[PDB]
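Single chain ahead, written as structure tokens, the form deposited in one PDB entry.
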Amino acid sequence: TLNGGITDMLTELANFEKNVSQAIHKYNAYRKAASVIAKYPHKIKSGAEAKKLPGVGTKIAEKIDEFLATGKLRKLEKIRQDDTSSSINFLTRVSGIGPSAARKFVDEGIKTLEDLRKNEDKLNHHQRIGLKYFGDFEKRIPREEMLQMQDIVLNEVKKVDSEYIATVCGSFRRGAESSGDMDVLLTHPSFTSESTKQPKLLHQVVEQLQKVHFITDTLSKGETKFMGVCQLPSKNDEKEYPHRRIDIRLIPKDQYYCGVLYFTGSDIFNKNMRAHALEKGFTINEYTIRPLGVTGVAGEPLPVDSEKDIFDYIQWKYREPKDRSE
């Protein structure tokens, strides 16, 4: 936690701009600045030193000088002591409650956990499950438990059809000692960029995981993306494991490398890499890397035979999953 105080301050400012101000670009500006300062291998002495880093301008430099002087930020001190700002920030921690829904609830007098539980009728399905597991979803997953969850998913997927390949991505594939949730990239030979030779390919895997009581709830479900809740089985007399968030993304098998690049992240690494691609006249999504024409229209997919191939196109040296974190 070398520049922990500064990165915490910038994260708190980011969350305010997203949750209260609904200023997504100011949120992205603060997260970018937080990320670059976290990687900086010196104790920052002044704002002028911070200002030399990319993504740190005049206003963040001024907030760092204030922070290093006083140990706090008057702007945050005031945000913390404002009821409406504080209420919106709390409600946004419930899965399914974003900035819009949070501000709506605060206007209806719903500002606390007790207010939410008294007014379940006013919540959509996602928001009901977010409230139900509010405590559990706050908790991080030790790598040891992620390895157990991996064993269940991969073995259960193999039982449905041995042609499925399931890859656990997110912070796990970046080699983190704990993860916020479980992200599963799924492929099957019968789903490519060219044809859907089999229907219900994702449905069948979700059903199997429900059948053995691993998946416990569904937040949303379509043909390619599942968003739900799972839980490790516990032994006799021992306390239940917390309920965990699970994302399952079915990716065309021929577009695996763009898919696994997307799903490995981190989110800030993806934004930086995709931003850099545009500067080099390319657009990257989870399916393809495409060149941009003179117009700014995306051309045809370029050939990708590895993660590294995508880095080569945008003239970046390969970063291993472990060097893509914040």
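All residue numbers are counted from 1 along the displayed sequence.
- In the comparison with other entries of the same protein, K197 is left without coordinates in at least one third of those covering both sides of it.
- Comparing 262 to 270 with 61 to 69, the higher mean C-alpha B-factor in the PDB entry belongs to 61 to 69.
- Set 23 to 31 against 288 to 296 and average the Cα temperature factors; 288 to 296 ends up higher.
- Ranking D136, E238, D217, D181 by Cα temperature factor from the entry places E238 first.
- The residue among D151, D254, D247, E207 whose C-alpha carries the highest B-factor in the deposited model is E207.
- When all modelled residues of the chain are sorted by CA temperature factor, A275 is found within the lowest third.
- Ranked by C-alpha B-factor against the other modelled residues of its chain, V160 falls in the highest third.
- Ranked against the other modelled residues of its chain, the C-alpha B-factor of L10 as given in the entry falls in the lowest third.
- Residue-level temperature factors show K75 in the highest third of its chain, judged at the C-alpha atom.
- For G222, the recorded CA B-factor ranks within the middle third of the chain. Only modelled residues enter the ranking.
There is another form of this protein, the form deposited in another entry, and it is not shown here; the text below is about that form.
- Of the listed residues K43, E279, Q81, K52, only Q81 lies at a hinge between rigid parts moving between this form and the one not shown; the rest are more than 12 positions from any hinge.
- Compared with the form shown here, the C-alpha atoms of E223 and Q198 sit at least 3 Å closer together in that other deposited form.
- A change of 3 Å or more separates the two forms for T196 and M227: their C-alpha atoms lie farther apart in that other deposited form.
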